[PDB]
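Following my numbering, the numbering of the sequence shown begins with 2 at its first residue and continues without gaps.
Ideal placement from N, C-alpha and C gives every residue a C-beta, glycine not left out.
Read through the structure below, which is laid out as structure tokens, and then see the notes.
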Amino acid sequence: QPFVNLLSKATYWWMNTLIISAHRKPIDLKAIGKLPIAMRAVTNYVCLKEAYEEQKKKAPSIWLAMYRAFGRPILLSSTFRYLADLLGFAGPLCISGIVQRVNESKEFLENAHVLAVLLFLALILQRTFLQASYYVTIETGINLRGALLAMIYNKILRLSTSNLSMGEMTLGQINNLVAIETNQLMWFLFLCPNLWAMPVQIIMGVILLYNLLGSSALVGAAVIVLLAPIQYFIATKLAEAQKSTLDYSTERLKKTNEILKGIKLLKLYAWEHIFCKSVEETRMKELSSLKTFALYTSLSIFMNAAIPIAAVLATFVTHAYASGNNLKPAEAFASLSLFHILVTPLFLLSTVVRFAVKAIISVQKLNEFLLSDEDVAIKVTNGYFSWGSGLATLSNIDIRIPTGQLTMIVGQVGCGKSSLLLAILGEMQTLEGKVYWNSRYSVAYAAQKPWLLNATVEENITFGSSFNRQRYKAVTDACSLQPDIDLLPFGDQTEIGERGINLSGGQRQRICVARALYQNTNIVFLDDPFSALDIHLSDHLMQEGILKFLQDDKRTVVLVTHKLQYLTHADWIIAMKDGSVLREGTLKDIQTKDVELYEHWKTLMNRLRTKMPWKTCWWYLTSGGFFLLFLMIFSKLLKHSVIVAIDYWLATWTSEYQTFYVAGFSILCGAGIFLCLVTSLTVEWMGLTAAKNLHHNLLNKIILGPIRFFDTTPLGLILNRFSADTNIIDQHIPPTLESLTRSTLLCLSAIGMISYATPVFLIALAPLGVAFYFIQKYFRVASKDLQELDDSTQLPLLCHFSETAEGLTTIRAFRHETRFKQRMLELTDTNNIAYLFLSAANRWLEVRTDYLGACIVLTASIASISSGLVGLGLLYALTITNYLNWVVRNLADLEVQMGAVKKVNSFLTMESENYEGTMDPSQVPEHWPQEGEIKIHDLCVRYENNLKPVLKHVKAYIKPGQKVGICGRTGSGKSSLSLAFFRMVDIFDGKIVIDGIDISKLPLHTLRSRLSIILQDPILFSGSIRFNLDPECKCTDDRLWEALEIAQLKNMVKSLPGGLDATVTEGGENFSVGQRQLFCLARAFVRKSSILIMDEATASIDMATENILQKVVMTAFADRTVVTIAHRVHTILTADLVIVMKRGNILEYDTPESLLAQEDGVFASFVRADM
Ligand SMILES: CCOc1cc(CC(=O)N[C@@H](CC(C)C)c2ccccc2N2CCCCC2)ccc1C(=O)O
Ligand SMILES: Nc1ncnc2c1ncn2[C@@H]1O[C@H](COP(=O)(O)OP(=O)(O)OP(=O)(O)O)[C@@H](O)[C@H]1O
Ligand SMILES: Nc1ncnc2c1ncn2[C@@H]1O[C@H](COP(=O)(O)OP(=O)(O)O)[C@@H](O)[C@H]1O
Ligand SMILES: [Mg+2]
Ligand SMILES: [Mg+2]
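This is the structure we're talking about:
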């Protein structure tokens, strides 16, 4: 009975139920059993950590720990591999025996049928052992992958966060370790038994070949063995080319992500075309590298499929012209079978050695990484904290935060404000002075830089807490997100953060503040919650979010803002400057003790089944051009015909049992070499052409789309169309298609030859055909499904790792390390289950196909028994066993990847906007905004069809060169009205007349080129400062410098390294918010347009900076007309005409003095609120 369990485990019957069935119902993690307690990431991690700790006590090297953790399975797998290899070497011997016995006490052992039965049994045993080895090694490799992921995740949680240690590039290295390093180490562990087996297989094969064919065997073995060093050389060249391609791909991906993450600015500036051209240039560089890589892949395939032919040629010619006897058929076919046996190990030994080198470097990298550095609410005495480099960033720190009372700390930009919080949390290094709390309890913390979980908004706000409707609603209302969440595609469940629907900086800050408030933890550390928020939003938030909501819960609050106007509410105040606290006390106490501090603060105030998708497959094939497809298919057909002809020529030559045969064989070998060369070249060329043709139009169409598409569709899918799908099309498909074609042709040729040799074989072909059809049918669905699960469950794993390495401070301030560890384990287990069952399906198919092939070998042999043709048939029967499962697996992979091609193709057909317009090209003036006049008539605007009109028949006219400022409550249509001039939002009724031309009829690019707009949150694109100032590069440097002076950034630019070409980090992160805003103003200036639209430009600007910016703008653009959306009404007091928007209506339209004249005026009330 237990032998039945052993057979079930050897034949992977334990998964037949989930393969034969579960094609009707898709395979889901519910269907797949949870991982056995033995293989869970927890157990593997504890084992590997125990081994590593034993080593560390002995000291530690990761290799010895890995051995002590996963030796026994690897020894078992190597034993299985050796048994499989030895049994497999019984093929050629059996063929030789059968052939010799045919056509005319150990007598029984010589009987032909006995040899046939022995061959069949040996084949089934070899395949069973080989697949058992594969599965044991795969299982051990996946266990190791789980352990390593858990280990590096624990290290990530225990990181240091100092910029000396972590800096900014370290996150990239951490993501690399989680993604590529661990996978490469896992794959080395997958393939390691090859290092044990392949050299021994080569040795045994060459020994048998010598025993069969004297010195000719030595000659052939030398020629063949020359295939290992050549393969290693070509593999090195391929690795170099693929590293270059990877670098160019990462560059292109960063450029694309920048383009489609700030698409609104590009479209408004009409820069989309320039950035797309730059991305296309990077694509051309990537395609040059990819063409080199494809050329070397073609040469690798050529060598793989040719050097064996040259070796056979040398062996047999040397035997013919050296060996006295002729070529007995048995010897010839045994030699051919041995060469077929040795072709795979030699072509793969170079790959396993390269994998071993990559694993050694990966383990060195991991070893390097693991050593990376690591009434009174709170009391600090003689605090002295350092970031790690030994320099005392904070000195003489002594604070006392009252419990249950609001505390605010104030200082200059860069006065040890944000660092003090991290020091309190322990992230900093405590040189001297202990910190004593009421060991620490969880403390809610909203980092200065907002951090967002990729999960939905509801999850981010809740953040692992007991979802309570009342508290959730109260927080969301206090945070002013109730209408903003409704705006997003899903009211309460839309994706957020990287790889989700992008949000404005204000929205991110609001989400983070909501998360901090929602938690029940008593201590709360808020760091610049108002920086991104508008003035109205901040006022609303503090009026009740801080003063009411928190005080209702009697929670200690530590708010870090430079907005002094709210100091009146502070119960305790701490002044920090130059890393030292000026004083700590109440407002009145501080003022009495420090009159100078009060004066400084006042001055600062200044006041069901899915079939194979043939259609997409055919479209991909024809993408290269019908001629290229015809050349590929015809060349492959001719190549395989010539190879079969070589084998048949050998068969006839043996049956003859000489100079006339030598010449024929040599000529056919030459033809085979040439046709292999041609076939490889053509297939790779078709692959390259298809990749280029798809990607070019893909990117062009995506950029040409409409804004709402980016507004709703998550950025994850859009950027996945370029990151993974294009990678698949460029690299994975062409190889898979080539493998499929070659394997199908070889299988068909073998079937044909076997049938020709023994036409009776066709009788047994039918049951074998049916069995193969059923195996193909069931596997091609089970695989597809399991790969779907693997990818869909591997996305969240890397998302979790990335979002953990990001915002360590939040994780360790909430003290939610354990919960995140548990989630990491629960995700890595799921991913490993999916991958493990994918490999189990592969083993299932391989074993069933190997038994099918063993049946084929048995039937072909039995037919042959009842003179060289028998040997030829047996040889091809043996090769069918090798090639059948590869046909099936390549077909499955081709289907899966053509799915990605289909996705890209569907994205290739998308809506757009009528850039052409209708106005006469000659009609437009040379300088259209010459006068700058603006006139409107009953304008009506709606963001999307069937939605509520944002603007309600607003009618307005601006005289040339006038200056008008617009204000109003949030969601009153200010931003939409500003964007109206650019037709970023559809207009139902009314029109906008500028310079006597209705914009509606103008070409979109022409309209959006001659207008200058400054968004609320400034975004600056990576590249040179010149590039940001004018990508078209059509401005003399003098204009750039004049603009920089106008922006007041001339001094900073001069201080820049290159001055005029200083490097700019992605998104303008290099500079400050004020510097970025000034640079955006300069960007607007260079356009030399007469109309400027400032949509809440100075939201993050300070009072003095805002005033100086406004005055310099007015002086510089005195002639030009400007429309400004006022962040604060006080900024637009000196305006020619004032407009206030309320619920999409311009209630007030008159001069600022006239508007202020009205009693209880809305604007007048706003001014009082600001004051
Ligand atoms: C994730 C599973 O991956 C496997 C992993 C294994 C373990 C293994 O010794 N591979 C040998 C192949 C054998 C036939 C020589 C090998 C060696 C060098 C380079 C690639 C490869 N192989 C890479 C995978 C498939 C192509 C040849 C077996 C089989 C598989 C499999 O696909 O089922
Ligand atoms: N994590 C860090 N890595 C490297 N240098 C740091 C780090 N944190 C602080 N510093 C340096 O130590 C000093 C203290 O920073 P401080 O607390 O003043 O930042 P902050 O000005 O409060 O934050 P922000 O300017 O974003 O409001 C600064 O001069 C800063 O450059
Ligand atoms: N992308 C969008 N899709 C649909 N409606 C939008 C979109 N953006 C804004 N709105 C709607 O337009 C109104 C005004 O928004 P907006 O002009 O952006 O802010 P403001 O009120 O500051 O002008 C809001 O009530 C909002 O619901
Ligand atoms: Mg800060
Ligand atoms: Mg707005």
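For residue i, verify whether its CB is less than 7 Å away from any heavy atom of ligand 1.
i	result
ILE139	yes
residue 1	The chain is shown only over 2 to 1172; residue 1 falls outside these bounds and no answer can be derived.
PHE191	yes
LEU747	no
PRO194	yes
Should residue i be listed as close to ligand 4, given that the test is whether its C-beta is under 7 Å from any heavy atom?
i	result
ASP374	no
Using a threshold of 7 Å, is the CB atom of residue i nearer than that to any non-hydrogen atom of ligand 3?
i	result
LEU504	no
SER973	yes
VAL1130	no
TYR944	yes
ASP1038	no
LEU948	yes
For residue i, tell me which candidate among the options has the shortest Cα-Cα distance.
i	options	result
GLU585	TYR385, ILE575, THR141, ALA515	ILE575
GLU460	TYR135, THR880, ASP493	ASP493
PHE81	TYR136, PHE723, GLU51	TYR136
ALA307	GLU105, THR141, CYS677, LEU367	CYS677
residue 1198	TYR68, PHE234, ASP648	With the chain running from 2 to 1172 in the structure shown, residue 1198 is simply not present.
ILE866	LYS822, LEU787, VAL761, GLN898	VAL761
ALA271	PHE1118, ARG500, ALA447, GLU1033	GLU1033
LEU1005	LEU705, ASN698, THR1152, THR316	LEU705
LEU747	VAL645, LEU682, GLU847, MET825	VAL645
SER505	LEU527, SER532, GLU545	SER532
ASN1108	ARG1088, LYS1055, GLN1049	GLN1049
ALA1100	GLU600, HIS537, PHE1086	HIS537
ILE486	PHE468, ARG509, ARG500	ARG509
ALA222	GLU169, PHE189, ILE310, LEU261	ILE310
Do residue j and residue i count as a contact pair if the criterion is CB distance below 8 Å?
i	j	result
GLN963	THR1122	yes
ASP399	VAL582	yes
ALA652	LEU875	no
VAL1141	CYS941	no
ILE99	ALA113	yes
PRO484	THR713	no
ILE379	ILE410	no
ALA218	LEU228	no
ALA424	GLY465	no
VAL643	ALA664	no
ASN698	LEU909	yes
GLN413	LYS578	yes
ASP996	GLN1078	no
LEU853	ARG781	no
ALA1119	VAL1087	no
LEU1012	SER977	no
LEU826	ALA42	yes
With a threshold of 7 Å, establish whether the CB of residue i neighbours any heavy atom of ligand 2.
i	result
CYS416	yes
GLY1075	no
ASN1071	no
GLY1068	no
Q.
Residues around ligand 4, please: the ones whose beta-carbon is closer than 6 Å to some heavy atom of it, in chain order.
A. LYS418, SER419, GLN449, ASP528, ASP529
(Q) Can you tell me which residues fall inside 6 Å of ligand 5, judged by beta-carbon distance to its nearest heavy atom, and keep chain order? (A) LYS975, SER976
Q: Note down, one range per segment and in chain order, each beta strand (DSSP E) of at least 3 residues found wholly within the stretch 902-935.
A: none
Q: Within the stretch 587-645, note down every full alpha helix (DSSP H) run reaching 4 residues or more, in order along the chain.
A: Taking only runs of at least 4 residues, the alpha helix (DSSP H) segments lying wholly in the stretch 587-645 are 588-594, 596-606, 615-624.
Q) Can you list the beta strand (DSSP E) stretches of 3 or more residues lying completely in the stretch 1107-1131, in chain order? A) 1122-1126
(Q) List, from N- to C-terminal side, the beta strand (DSSP E) runs of 3 residues or more that fit wholly inside the stretch 46-72. (A) Correct list: empty.
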